[PDB]
Colleague: 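Right, I'll just put the structure down here and ask away after.
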Amino acid sequence: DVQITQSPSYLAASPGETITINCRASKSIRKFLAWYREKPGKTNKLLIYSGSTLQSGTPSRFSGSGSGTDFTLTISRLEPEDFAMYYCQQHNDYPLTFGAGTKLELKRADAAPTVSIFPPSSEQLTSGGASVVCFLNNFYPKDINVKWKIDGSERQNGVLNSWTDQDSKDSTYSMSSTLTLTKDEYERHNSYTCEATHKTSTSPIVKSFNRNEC
Amino acid sequence: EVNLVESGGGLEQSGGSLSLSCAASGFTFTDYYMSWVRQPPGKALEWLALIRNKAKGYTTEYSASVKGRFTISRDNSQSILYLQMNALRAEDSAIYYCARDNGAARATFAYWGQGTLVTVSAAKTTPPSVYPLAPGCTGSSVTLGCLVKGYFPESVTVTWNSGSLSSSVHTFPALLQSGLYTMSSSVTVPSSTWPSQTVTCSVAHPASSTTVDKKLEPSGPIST
Ligand code: NA
Ligand code: NA
Ligand SMILES: [Zn+2]
């Protein structure tokens, strides 16, 4: 009803940095904009309400401004705990409506993934299926390309990828890539390769195995 | 301190019903506005229903998306908040949270629960196949895993050696494939310790009352 556009959707920043996040309503909301943060395993917390009033307990490095259709959240000198998902919400009028969020990510040194490949298990082959699995663990930033090669030929069907959220402790990402085939399909070729291209090197990290080296 | 705990979430078919409740504590319940907000997967939080305080005589407001199907109510003596959900739709699938206002500004949410998951689907409760991920035909550290595939509805929990090398485990979120969920989990341990000592993944899927324990074995013969 009042639609709320949050931007940027994603921002990486350093501990000690100051940043600004934006929220824009499709029509005036007077001053009634609230800001929240979300973190995994924690309940949502209100930071600011009525545009610029700090919720009891919010650190003073948070400030809010705006009126009408354009607001902003500023956080000065980021603390580690400030890295989170931030939402805005208008509370001028029903139906209450939220922005889609700004992911505030902690910028750490670039790191290459550790890559591991797994053939399908006996157990899975017995059932008629064949999943080849590649883990790419502990890298940064999250952008990465994985390609799957069967007998040297790029495979672009049946790959599913999944990433973890940024790690609380080391600030890295990890992902799985899984190429799922039928048994028959799996047995008609020999070499299975997953290749990870990540900005830490112009050389892909390559992991393979031969069905018929075992 | 203030606590809100949601419950009653589960799987239903399209056209069924569900009742959610929210156990609230740590404030005078009747002094506050209480709401239900949901987060469908990949989408913005969506406010659904508000019930005001005693001062306001407990009047309600609804989102157009649940109006006439969902009804918010309060048990004031017990400090429980309810959401009765009738004529469920697959688009209703989401994590549902209960929330309380901050007192100064009545249409904000100072406290939330952790949420309860609601699935509306025609898929049937199905337990996972659990497959081991060990290296085939190495160095100082070894990565192992478990592929958990073909389950419904969420969630599953994967425990490695009764919680002991949960510092180096990675849990990959589930994705729907062929109507069913798949996820995997990995753990990284020193080569000094596996295959020398045992490593097991235990996979709980409460929906089907199933727990699978899978020992990771080294590359050995086809025989044995
Ligand atoms: Na690549
Ligand atoms: Na739907
Ligand atoms: Zn071939």
Side-chain angles (χ1 to χ4, degrees), chain A residues 110-117 119-120 130 132-163 173-179 181-214, chain B residues 9-18 38-46 48 63-66 69-70 85-96 117-123 152-154 174-181:
Chain A
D110 285 351
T114 314
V115 183
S116 295
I117 195 160
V132 198
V133 172
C134 194
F135 291 138
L136 309 93
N137 285 345
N138 295 87
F139 62 92
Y140 185 90
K142 198 188 200 263
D143 321 273
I144 190 154
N145 180 60
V146 189
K147 338 166 164 152
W148 281 93
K149 281 171 195 191
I150 303 172
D151 285 352
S153 178
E154 221 199 305
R155 176 79 191 205
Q156 304 172 339
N157 178 302
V159 176
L160 291 167
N161 299 331
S162 176
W163 285 249
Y173 298 84
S174 295
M175 80 183 280
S176 65
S177 193
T178 302
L179 174 60
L181 309 179
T182 64
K183 196 206 207 156
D184 283 359
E185 191 178 6
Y186 178 70
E187 292 178 344
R188 273 194 308 256
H189 298 297
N190 188 50
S191 78
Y192 295 84
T193 301
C194 71
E195 183 194 289
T197 310
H198 180 264
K199 76 155 154 209
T200 48
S201 182
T202 49
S203 307
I205 298 153
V206 177
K207 295 286 169 165
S208 315
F209 64 89
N210 291 8
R211 207 179 51 82
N212 313 267
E213 163 196 332
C214 320
Chain B
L11 167 68
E12 283 288 319
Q13 288 193 251
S14 199
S17 81
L18 214 48
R38 79 183 168 196
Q39 199 148 31
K43 310 183 139 216
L45 294 153
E46 170 173 11
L48 309 176
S63 76
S65 74
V66 309
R69 304 183 295 125
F70 290 11
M85 316 172 65
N86 291 343
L88 284 168
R89 339 206 263 221
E91 60 203 290
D92 288 326
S93 307
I95 303 179
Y96 282 72
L117 183 78
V118 164
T119 312
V120 188
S121 171
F152 199 80
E154 301 199 82
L175 301 178
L176 199 49
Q177 323 164 207
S178 264
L180 290 169
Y181 287 108

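These values consider heavy atoms only, across backbone and side chains, with no hydrogens, waters or symmetry-generated copies. Numbers restart at 1 for each chain; the letters A, B, ... are given by sequence-line order, proteins then strands. Every number for a ligand or one of its atoms is a count from 1 in the order of the listing.
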Colleague: How would you list, by chain and number, every residue that makes a side-chain hydrogen bond (donor to acceptor under 3.5 Å, both in side chains) with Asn86(B), sequence neighbours excluded?
Modeller: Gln84(B)
Colleague: Angle class for the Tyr140(A)/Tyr173(A) ring planes (parallel below 30°, perpendicular above 60°, tilted otherwise)?
Modeller: parallel
Colleague: Got a sec, which pairs hit salt bridge (charged side-chain N to carboxylate O under 4.0 Å, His left out) with one end in residues 186-206 of chain A, sequence neighbours left out?
Modeller: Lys147(A)-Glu195(A), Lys149(A)-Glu195(A)
Colleague: Using a cut-off of 2.8 Å, count how many protein N, O or S atoms are strictly closer to the Zn ion (ligand 3).
Modeller: 2
Colleague: Main chain of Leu180(B), side chain of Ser178(B): is a donor-acceptor contact present, judged purely on distance under 3.5 Å?
Modeller: no
Colleague: Could you walk me through whether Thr178(A) and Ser176(A) pass the side-chain hydrogen bond (donor to acceptor under 3.5 Å, both in side chains) test, one step at a time?
Modeller: CA-CA 6 Å; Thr178(A) 302; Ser176(A) 65; 4.5 Å; no
Colleague: Test of understanding: with side-chain hydrogen bond (donor to acceptor under 3.5 Å, both in side chains), list the residues that count as partners of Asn190(A), not counting sequence neighbours.
Modeller: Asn212(A)
